[PDB]
Amino acid sequence: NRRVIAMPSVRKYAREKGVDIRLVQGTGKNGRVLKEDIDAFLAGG
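Per this note's numbering, residue 54 is the first one in the sequence shown, and the count goes up by one each step.
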């Protein structure tokens, strides 16, 4: 197995944008992928 440190909202996010939290830049407590983390993943440059 391999549980991810994301929230029910962040999941919908990656599901609505097409991103995979599993590989997002989780900066939250204990590497927690938050909304800002999702935007950061898709953003950059």
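For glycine and all other residues, C-beta sits at the position ideal for the given N, C-alpha and C.
Between the alpha carbons of residue i and residue j, how many angstroms are there, rounded?
i          : j          : result
residue 91 : residue 60 : 11 Å
residue 89 : residue 95 : 10 Å
residue 55 : residue 97 : 27 Å
residue 83 : residue 70 : 24 Å
In terms of residues, what are the limits of the alpha helix (DSSP H) holding residue i?
i          : result
residue 73 : Premise fails: residue 73 is in no alpha helix (DSSP H) and is neither H nor E.
residue 88 : 88-95
Do residue j and residue i count as a contact pair if the criterion is CB distance below 8 Å?
i          : j          : result
residue 75 : residue 58 : no
residue 87 : residue 72 : no
residue 93 : residue 78 : yes
Any heavy atom of the ligand MG closer than 7 Å to the CB of residue i?
i          : result
residue 65 : The ligand content of the structure shown is nil, which means the ligand MG is not present either.
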